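*Asks:* Protein sequence lines correspond, in order, to chains BX, Be, Bd, Bc and BD.
Mapping the first sequence onto the authors' numbering, position 40 (from 1) lands on 53, and the numbers just tick up by one.
Mapping the second sequence onto the authors' numbering, position 17 (from 1) lands on 19, and the numbers just tick up by one.
Mapping the third sequence onto the authors' numbering, position 23 (from 1) lands on 24, and the numbers just tick up by one.
Mapping the fourth sequence onto the authors' numbering, position 54 (from 1) lands on 54, and the numbers just tick up by one.
Under the authors' numbering, the letters of the fifth sequence match residues 53 to 184, 186 to 199, 202 to 275, in that order.
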Amino acid sequence: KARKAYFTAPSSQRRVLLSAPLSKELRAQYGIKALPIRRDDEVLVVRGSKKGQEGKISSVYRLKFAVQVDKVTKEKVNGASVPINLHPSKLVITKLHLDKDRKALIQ
Amino acid sequence: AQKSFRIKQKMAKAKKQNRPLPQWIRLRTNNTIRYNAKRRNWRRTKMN
Amino acid sequence: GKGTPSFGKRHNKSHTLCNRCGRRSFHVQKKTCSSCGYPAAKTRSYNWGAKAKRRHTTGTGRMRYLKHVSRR
Amino acid sequence: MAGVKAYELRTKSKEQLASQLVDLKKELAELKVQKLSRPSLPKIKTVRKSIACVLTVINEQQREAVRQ
Amino acid sequence: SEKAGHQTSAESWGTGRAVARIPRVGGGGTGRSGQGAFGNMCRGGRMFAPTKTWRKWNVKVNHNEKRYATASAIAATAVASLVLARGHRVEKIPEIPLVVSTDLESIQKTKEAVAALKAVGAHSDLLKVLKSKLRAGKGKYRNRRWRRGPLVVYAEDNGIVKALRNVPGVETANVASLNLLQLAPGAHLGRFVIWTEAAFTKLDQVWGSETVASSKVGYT
RNA sequence: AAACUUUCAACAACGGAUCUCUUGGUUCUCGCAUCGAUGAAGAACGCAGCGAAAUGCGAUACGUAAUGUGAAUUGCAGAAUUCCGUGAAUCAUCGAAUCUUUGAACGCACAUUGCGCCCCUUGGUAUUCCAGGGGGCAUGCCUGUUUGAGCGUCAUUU
RNA sequence: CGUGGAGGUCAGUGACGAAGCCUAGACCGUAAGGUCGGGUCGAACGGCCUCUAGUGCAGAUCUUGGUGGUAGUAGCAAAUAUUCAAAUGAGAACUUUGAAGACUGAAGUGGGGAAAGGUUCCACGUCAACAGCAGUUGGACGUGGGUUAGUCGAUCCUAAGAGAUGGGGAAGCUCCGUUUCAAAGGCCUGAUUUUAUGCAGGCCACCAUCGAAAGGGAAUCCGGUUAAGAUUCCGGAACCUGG
RNA sequence: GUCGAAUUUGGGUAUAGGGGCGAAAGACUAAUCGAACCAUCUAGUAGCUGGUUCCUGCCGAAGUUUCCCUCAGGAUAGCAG
RNA sequence: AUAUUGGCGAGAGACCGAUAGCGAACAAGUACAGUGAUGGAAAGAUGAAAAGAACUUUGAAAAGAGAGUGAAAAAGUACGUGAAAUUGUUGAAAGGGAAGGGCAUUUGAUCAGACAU
RNA sequence: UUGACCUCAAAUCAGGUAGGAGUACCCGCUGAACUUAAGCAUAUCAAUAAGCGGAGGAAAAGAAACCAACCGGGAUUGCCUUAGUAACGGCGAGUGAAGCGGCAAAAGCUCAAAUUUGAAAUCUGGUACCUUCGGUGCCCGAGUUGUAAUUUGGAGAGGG
């Protein structure tokens with residue numbers, strides 16, 4: 014159909030598309046379905062082959078549609094290191110870099 | 003051919019964009035398409 | 002003669018561009034033509050698919066939903 | 001200004017916002033006299049957009065003026 | 053598209069150059085449109101027909117007929133030597149039609165419904181709606198990516216038991232409606248009516264402004 | 001007997017068909033009332049630290065302001081130095097701005113960036129000559145204002 | 001018999017591999033066709049009952065794209081015109097240098113220009129392409145540089161001519177008229193003046209303006225300079241214009 | 001052939017389509033001329049040419065009648081399904 | 001007052017699916033052609049992800065051979081699929097001016113069934 | 001010598017005004033041929049294309065100088081009908097619209113012509129709920145002034 018307002022929308026609503034589920038612990042304590050994947054947050058790559066593997070979502074390349082996890086990185090057999098683009102809503106929000114703003118948002 | 007700015011400026015531009023593909027753009031994380039593709043050759047197509 | 006041998010004589014013009022549009026088109030000696038016939042220009046058209054489309058400069062009348070409908 | 005904006009918004013004279021502007025300008029200029037390798041610019045860009053912040057904040061607080 | 057590729061200012065060439073008497077255009081740059089267009093045989097020329105809005109898009113059938121019609125196959129909803137073969141999967145009690153307490157004109161809840169429509173014995177079918186393999190032909194590419204057999208259709212009287220909305224396959228109506236499509240869709244004779252209140256008991260209620268009739272004696 | 005030649009095998013090879021793909025197109029239907037002398041449509045010429053173009057923008061030049069969003073990065077993560085809890089290039093924004101040289105084009109022109117006239121203010125320092133920044137001089141009509149025109153014509157102390 | 005698509009139903013087929021493609025491999029139809037196997041690839045697809053139409057190719061000197069026989073063939077033949085040796089290079093018939101031999105032999109193959117060309121100019125780098133053999137070479141490709149005015153020229157003048165306005169024709173875009181139709185057009189010296197502005201008087205449709213890089217036409221020359229400019233830059237020596 | 005005169009030629013200007021210009025040929029008028037070029041009317045018209053796409057099964061021909069500005073068309077009978 | 005349709009806005013379709021579909025899925029009214037008015041195209045798809053390939057071979061060098069990346073390089077920015085014309089190679093077979101059918105068979109090659117337990 | 005009345009101007013002197021654009025669709029003007037007639041003029045094509053000048057959210061039309069038999073009906077607009085019929089026509093080829101009927105949407109109204117010659121109008125100033133060139137006031141000042149109010153289908157009465 015449309016699906017281009019999709020594959021062609023502005024960050025102002027690309028974060029909220031690049032979203033992610035909350036940790037059982039978190040999804041119980043804090044008590045929210047999920048949220049707008051946030052940076053200084055931590056997570057645990059749920060069902061992707063780099064499974065269970067864990068760490069912090071350094072940056073999120075929205076203009077690439079996909080967020081990246083610090084430690085979890087793709088290794089070159091060529092003495093070099095390169096990030097491994099991870100798809101937000103397939104990880105799981107371990108802990109949130111909760112800020113008065115993101116805080117408030119919890120409604 | 004002692005020109006006039008009208009044809010000067012223009013002459014000058016022929017120059018300014020007479021240049022091979024940028025090479026940065028070549029790897030803009032999106033696509034980019036290769037080759038100047040608009041390429042005057044002061045011996046092929048011609049000015050005014 | 003009529004051809005080759007002639008032909009290689011092209012060395013005057015029908016151009017000098019314009020000042021509006023400018024696709025080479027002012028009959029130097031005649032003055033003004035091929036589009037915005039300076040003067041009265043009026044584009045000077047007819048009925049045969051041109052374009053003549055391009056980019057403004059308006060469309061900022063996405064105001065409307067904000068004319069004096071958000072100007073005050 | 002270089003901010004803010006929320007800053008330049010107040011409030012020194014036209015002959016005060018003055019050498020602020022003239023300042024940033026002699027900046028941008030020398031900032032160019034650099035011109036040597038890289039080039040980043042980066043704060044040539046900074047100094048620039050700012051140059052304007054000043055300029056714009058400068059052409060309003062003389063307008064609301066005329067508006068009296 | 054009316055401007056249908058009779059969009060060129062092209063010509064013929066007066067037999068005299070081997071080429072054929074088709075319109076051609078250009079020059080120059082390049083090959084085409086110095087080619088040969090404004091024609092069916094060529095590339096990007098008129099369709100033959102070239103279709104149009106003006107066609108006979110909609111069709112007209114008569115009342116007394118769409119009546120012997122809707123009727124013909126209200127009465128398919130019983131004799132279910134067919135209603136077996138026409139889709140829906142039954143054991144369904146020794147009771148065709150097969151009515152339900154006039155409760156279900158409320159049931160403001162899905163499961164309480166669904167499930168109810170199920171101990172009502174529909175499970176067997178309320179599941180068939182769930183061998184849903187996804188289309189085939191390029192249909193897909195154009196907003197129709199489904202292919203799910205038909206289902207169970209419950210007849211109203213008061214509301215839409217619209218709990219039964221997201222119900223995967225089953226479709227609700229009222230009493231004086233029912234498209235002679237629905238009442239035997241698959242446009243084949245036979246569909247499941249989990250009925251209802253004055254429903255079965257007060258379908259007819261015929262007239263209307265007249266109707267019904269038929270003649271071949273002992274259908275034996 | 002080979003070479004050659006045809007033929008059919010498999011492998012490559014020329015070529016880009018068939019299959020599936022769709023941020024197009026095409027036709028439907030349903031809301032909605034807006035350009036410009038308050039300078040439009042269109043055109044040039046330019047503007048990124050790095051850019052050719054498509055795109056956006058105008059010497060405040062891929063943008064100023066202002067909002068809410070934002071809450072966290074943009075030109076999103078090309079690289080790159082890049083910079084961030086006092087709000088970053090994204091959306092919306094048109095209750096603000098900037099809007100070169102133009103075009104209904106406009107003081108005269110305009111195959112040129114050519115040629116005048118006012119007013120204000122700076123240097124030469126006598127306003128009247130030469131250079132700098134600011135503001136300005138089209139036409140047709142509408143209406144009033146304000147001066148003067150005829151033996152159109154009235155009346156007055158001569 | 002076969003096709004795109006639509007309603008249905010077969011709880012049909014399928015990443016353990018759906019289409020499509022490849023088979024002097026197998027079997028069914030008298031045949032349209034159909035079904036396996038095997039190889040092959042990658043995400044879709046079919047049987048049956050019906051519905052629908054842009055539903056079947058060998059041609060139409062048919063459209064468009066692609067190929068081949070012709071065939072390594074035709075062809076690459078305008079000035080006597082070329083040679084030795086170094087050097088630089090992975091490689092010299094062809095690049096540079098040296099020497100030799102010969103031309104164009106001042107109505108040139110030399111030294112500037114026009115008009116047109118836009119950077120071909122210059123330096124540096126380097127050969128996929130292009131050059132029609134070749135290439136180290138180029139006008140080629142890549143990155144950078146270079147166009148310096150009171151005296152040169154354009155700018156002003158008028159030429160045929162083009163053309164707004166006083167107006168007049170035309171439904172109208174517009175046509176027609178610069179020599180036969182208020183207020184004129186302004187300017188000028190003196191002027192009512194302490195710096196506005198009448199006035200004394202004069203010339204008065206000046207019938208706008210555009211139109212020459214060969215016509216008309218203020219005023220520069222010598223020497224030096226560069227990778228590439230120059231009657232300019234710079235040295236000295238000048239003349240014109242306005243104040 | 002002619003080669004100082006009806007010379008040759010640059011630039012500028014003027015004449016544009018049944019209109020130009022022409023020491024006249026139907027010449028020239030951007031390789032275009034016994035009426036330029038561009039677009040549109042416009043898929044112009046076509047009693048004439050060309051092609052007109054998958055199987056088998058059945059039945060199975062006309063050229064002759066009459067009226068037409070019909071002579072290559074058509075009507076009309078007659079043949080067929 | 002369905003009284004009339006392609007600029008804003010938004011729904012949708014037994015519509016086309018890249019020689020179809022607007023000419024334009026793409027830096028398309030572009031490249032490019034014509035003094036001029038006008039005329040005006042070809043052109044989509046490695047993957048899930050660049051993970052876009054760091055000895056040795058001349059390298060003029062370009063690449064090659066191994067290597068390595070991947071679910072696969074029978075995915076190499078000449079990138080899914082890769083028919084055909086058509087070309088190479090291997091393999092067989094046949095040829096006294098020519099092409100290739102049709103009926104029967106010889107020979108060779110190859111295949112199914114019938115398995116009778 | 002000094003005021004006006006009046007036609008005429010000139011003002012950068014005040015303030016607005018237009019001029020261009022533009023897919024569709026609306027008001028006009030102006031106008032082909034190709035075409036069919038198996039010829040070709042009539043005519044058809046067609047009040048069509050092209051050309052030109054004007055709008056809008058629609059536009060245009062609209063309170064009848066109508067339709068009509070009696071019967072009567074009652075502004076436009078649109079639709080379904082009327083109707084491929086009345087007519088028009090080398091009465092050939094072809095043209096071919098109306099008006100009591102059912103729908104859709106519903107609205108009706110103001111001038112000129114009549115008196116007490118205007119106490120009605122523009123401005124620009126001061127001030128004013130409205131914060132600077134500005135929605136409207138008031139008072140006042142110049143200017144306008146054959147253009148202040150009842151009356152216009154039906155008459156309201158118009159006057160008494």
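All C-beta atoms, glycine included, are put in the ideal place defined by N, C-alpha and C.
How about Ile-70 of chain BX and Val-56 of chain BX: are their beta carbons less than 8 Å apart?
*Replies:* Within the first sequence, numbered from 1, the residue matching residue 70 of chain BX stands at position 57. Within the first sequence, numbered from 1, the residue matching residue 56 of chain BX stands at position 43. Result yes, Cβ atoms of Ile-70 of chain BX and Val-56 of chain BX sit closer than 8 Å.
*Asks:* Any contact between the stretch 242-262 of chain BD and the stretch 207-214 of chain BD? By contact I mean 3 or more CB pairs, one from each, below 8 Å.
*Replies:* Segments in contact, yes.
*Asks:* Drop a sphere of 10 angstroms on the beta-carbon of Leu-17 of chain Bc, count the other beta-carbons inside from all chains shown, and report buried for 16 or more, exposed for fewer.
*Replies:* Your numbering for residue 17 of chain Bc matches position 17 in the fourth sequence. Answer is buried; the Cβ neighbour count reaches 16.
*Asks:* Who are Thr-86 of chain BX's beta bridge partners in DSSP?
*Replies:* Translated into positions along the first sequence, residue 86 of chain BX becomes position 73. BP columns for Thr-86 of chain BX point to BX:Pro-96.
*Asks:* Please check the pair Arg-76 of chain BD and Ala-62 of chain BD, which I expect to be a contact at CB under 8 Å, by giving their CB distance rounded to whole angstroms.
*Replies:* In the fifth sequence, residue 76 of chain BD corresponds to position 24, counting from 1. In the fifth sequence, residue 62 of chain BD corresponds to position 10, counting from 1. Sure, about 5 Å apart at Cβ, within 8 Å.
*Asks:* Please state whether DSSP places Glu-226 of chain BD in a helix, a strand or coil.
*Replies:* Against the fifth sequence, residue 226 of chain BD aligns to sequence position 171. If DSSP states are grouped into helix, strand and coil, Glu-226 of chain BD belongs with the strands.
*Asks:* Just the C-alpha distance for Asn-33 of chain Be and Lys-77 of chain BX, rounded to the nearest angstrom, thanks.
*Replies:* Numbered from 1 along the second sequence, position 31 holds the residue referred to as residue 33 of chain Be. Numbered from 1 along the first sequence, position 64 holds the residue referred to as residue 77 of chain BX. Whole-angstrom Cα-Cα distance: 12 Å.
*Asks:* How do the stretch 44-51 of chain Bc and the stretch 64-76 of chain BD stand: do at least 3 beta-carbon pairs fall below 8 Å, yes or no?
*Replies:* The answer is no - the stretch 64-76 of chain BD does not touch the stretch 44-51 of chain Bc, with fewer than three Cβ pairs under 8 Å.
*Asks:* Buried or exposed: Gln-25 of chain Be, going by 16 or more other Cβ atoms within 10 Å of its Cβ?
*Replies:* Sequence index remark: in the second sequence, residue 25 of chain Be carries index 23 (1-based). Exposed: under 16 other Cβ atoms inside 10 Å.
*Asks:* Hey, would you say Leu-233 of chain BD sits closer than 8 Å to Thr-122 of chain BD, going by beta carbons?
*Replies:* For the purposes of this step, residue 233 of chain BD is taken as residue 178 along the fifth sequence, with counting starting at 1. For the purposes of this step, residue 122 of chain BD is taken as residue 70 along the fifth sequence, with counting starting at 1. Cβ distance < 8 Å, so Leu-233 of chain BD and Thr-122 of chain BD count as in contact.
*Asks:* What residue range is occupied by the uninterrupted beta strand (DSSP E) comprising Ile-106 of chain BX?
*Replies:* The residue given as residue 106 of chain BX occupies position 93 in the first sequence. Where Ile-106 of chain BX is concerned, the enclosing beta strand (DSSP E) stretches over 106-108.
*Asks:* If the criterion is Cβ atoms closer than 8 Å, does the pair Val-151 of chain BD and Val-142 of chain BD meet it?
*Replies:* Against the fifth sequence, residue 151 of chain BD aligns to sequence position 99. Against the fifth sequence, residue 142 of chain BD aligns to sequence position 90. No, the pair does not count as a contact, with Cβ atoms beyond the cut-off.
*Asks:* Run through the DSSP bridge pairs and tell me what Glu-143 of chain BD is partnered with.
*Replies:* Your numbering for residue 143 of chain BD matches position 91 in the fifth sequence. Note: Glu-143 of chain BD sits in no beta bridge, so no partner.
*Asks:* Rounded to a whole number of angstroms, what is the C-alpha to C-alpha distance between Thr-275 of chain BD and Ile-148 of chain BD?
*Replies:* For the purposes of this step, residue 275 of chain BD is taken as the residue at position 220 of the fifth sequence. For the purposes of this step, residue 148 of chain BD is taken as the residue at position 96 of the fifth sequence. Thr-275 of chain BD and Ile-148 of chain BD: Cα-Cα distance of roughly 20 Å.
*Asks:* Would you call the CB atoms of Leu-39 of chain BX and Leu-109 of chain BX closer than 8 Å?
*Replies:* As a working note, residue 39 of chain BX is residue 26 in the first sequence. As a working note, residue 109 of chain BX is residue 96 in the first sequence. Going by C-beta atoms, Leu-39 of chain BX is nearer than 8 Å to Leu-109 of chain BX.
*Asks:* Exposed or buried, what is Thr-11 of chain Bc when buried is set at 16 or more other beta-carbons lying within 10 Å of its beta-carbon?
*Replies:* Stepping through the fourth sequence from its first residue, residue 11 of chain Bc is reached at position 11. So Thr-11 of chain Bc ends up on the exposed side.
*Asks:* Determine the closest residue to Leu-23 of chain Be out of Be:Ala-14, Be:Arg-41 and Be:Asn-50, with distance taken between C-alpha atoms.
*Replies:* Numbered from its first residue, the second sequence carries residue 23 of chain Be at position 21. For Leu-23 of chain Be, the nearest C-alpha among the options comes from Be:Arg-41.
*Asks:* Spatial neighbours of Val-57 of chain Bc within its chain, please: CB distance less than 8 Å, with the 5 preceding and 5 following residues excluded, ordered by chain position.
*Replies:* Indexing the fourth sequence from 1 puts residue 57 of chain Bc at position 57. Here the set comprises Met-1, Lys-5, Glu-8, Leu-9 and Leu-17.
*Asks:* Exposed or buried, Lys-14 of chain Bc, counting other C-beta atoms within 10 Å across all chains shown (16 or more means buried)?
*Replies:* Taking the first residue of the fourth sequence as 1, we reach residue 14 of chain Bc at position 14. Label assigned to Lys-14 of chain Bc: exposed.
*Asks:* Where does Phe-247 of chain BD sit, in a helix, a strand or coil, going by DSSP?
*Replies:* Position 192 of the fifth sequence, counting from 1, holds the residue named residue 247 of chain BD. Strand.
*Asks:* If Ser-50 of chain Bc sits next to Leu-24 of chain Bc, beta carbons under 8 Å apart, how far is it from one beta carbon to the other, in whole angstroms?
*Replies:* Translated into the one-based positions of the fourth sequence, residue 50 of chain Bc becomes position 50. Translated into the one-based positions of the fourth sequence, residue 24 of chain Bc becomes position 24. Contact holds; Cβ gap of about 6 Å.
*Asks:* Based on DSSP bridge pairs, tell me the residues matched to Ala-167 of chain BD.
*Replies:* In the fifth sequence, counting from the first residue as 1, residue 167 of chain BD sits at position 115. DSSP output for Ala-167 of chain BD lists no bridge partner at all.
*Asks:* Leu-57 of chain BX lies in the beta strand (DSSP E); which residues open and close that run?
*Replies:* For the purposes of this step, residue 57 of chain BX is identified with residue 44 of the first sequence, where counting begins at 1. Note, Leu-57 of chain BX: beta strand (DSSP E), 55-57.
*Asks:* Taking the beta carbon of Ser-6 of chain Be as the centre, do at least 16 other beta carbons fall within 10 Å, making it buried, or is it exposed?
*Replies:* Translated into the one-based positions of the second sequence, residue 6 of chain Be becomes position 4. It is exposed - the Cβ of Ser-6 of chain Be has fewer than 16 other Cβ atoms within 10 Å.
*Asks:* Closest to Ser-153 of chain BD by CA distance: which of BD:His-140, BD:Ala-168, BD:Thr-162 and BD:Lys-144 is it?
*Replies:* Numbered from 1 along the fifth sequence, position 101 holds the residue referred to as residue 153 of chain BD. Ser-153 of chain BD has its Cα closest to that of BD:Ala-168, out of BD:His-140, BD:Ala-168, BD:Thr-162 and BD:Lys-144.
*Asks:* Name the two residues that bound the continuous alpha helix (DSSP H) containing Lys-14 of chain Bc.
*Replies:* If you number the fourth sequence from 1, residue 14 of chain Bc lands on position 14. It is not in any alpha helix (DSSP H) - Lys-14 of chain Bc carries neither H nor E in the DSSP assignment.
*Asks:* Figure out for me which residue from BD:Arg-197, BD:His-115, BD:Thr-82 and BD:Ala-56 has the closest Cα to the Cα of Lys-104 of chain BD.
*Replies:* Along the fifth sequence, read from residue 1 onward, the residue named residue 104 of chain BD stands at position 52. Checking every option, the nearest Cα to that of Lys-104 of chain BD belongs to BD:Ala-56.
*Asks:* Please classify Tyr-194 of chain BD: does DSSP put it in a helix, a strand, or coil?
*Replies:* For the purposes of this step, residue 194 of chain BD is taken as the residue at position 141 of the fifth sequence. Helix at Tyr-194 of chain BD.
*Asks:* Closest to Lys-54 of chain Bd by CA distance: which of Bd:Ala-41, Bd:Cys-22 and Bd:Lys-31 is it?
*Replies:* For the purposes of this step, residue 54 of chain Bd is identified with residue 53 of the third sequence, where counting begins at 1. The shortest Cα separation from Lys-54 of chain Bd among Bd:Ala-41, Bd:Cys-22 and Bd:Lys-31 belongs to Bd:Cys-22.
*Asks:* Nearest-angstrom Cα distance between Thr-31 of chain Be and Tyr-43 of chain BX?
*Replies:* In the second sequence, residue 31 of chain Be corresponds to position 29, counting from 1. In the first sequence, residue 43 of chain BX corresponds to position 30, counting from 1. Taking the straight line joining both Cα atoms gives about 37 Å.
*Asks:* The beta strand (DSSP E) with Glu-252 of chain BD in it runs from where to where?
*Replies:* The residue you call residue 252 of chain BD lines up with position 197 of the fifth sequence. Looking at the DSSP string, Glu-252 of chain BD is not in any beta strand (DSSP E); the run it does join, the alpha helix (DSSP H), is 252-255.
*Asks:* Under 7 Å Cβ to Cβ from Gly-241 of chain BD, same chain only, skipping five residues before and after it: list those, please.
*Replies:* For this step, residue 241 of chain BD is matched to residue 186 along the fifth sequence. Contacts found: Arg-138, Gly-139 and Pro-205.
*Asks:* Can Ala-228 of chain BD and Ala-165 of chain BD be called in contact, C-beta distance under 8 Å?
*Replies:* Numbered from its first residue, the fifth sequence carries residue 228 of chain BD at position 173. Numbered from its first residue, the fifth sequence carries residue 165 of chain BD at position 113. Contact: no.
*Asks:* For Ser-32 of chain BX, tell me which candidate among BX:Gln-120, BX:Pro-101 and BX:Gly-61 has the shortest Cα-Cα distance.
*Replies:* Position 19 of the first sequence holds residue 32 of chain BX. That would be BX:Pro-101, whose Cα lies nearest to the Cα of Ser-32 of chain BX.
*Asks:* Provide the residue span of the alpha helix (DSSP H) that contains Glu-64 of chain Bc, from first to last.
*Replies:* For the purposes of this step, residue 64 of chain Bc is identified with residue 64 of the fourth sequence, where counting begins at 1. Counting along the chain, the alpha helix (DSSP H) containing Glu-64 of chain Bc begins and ends at 63-66.
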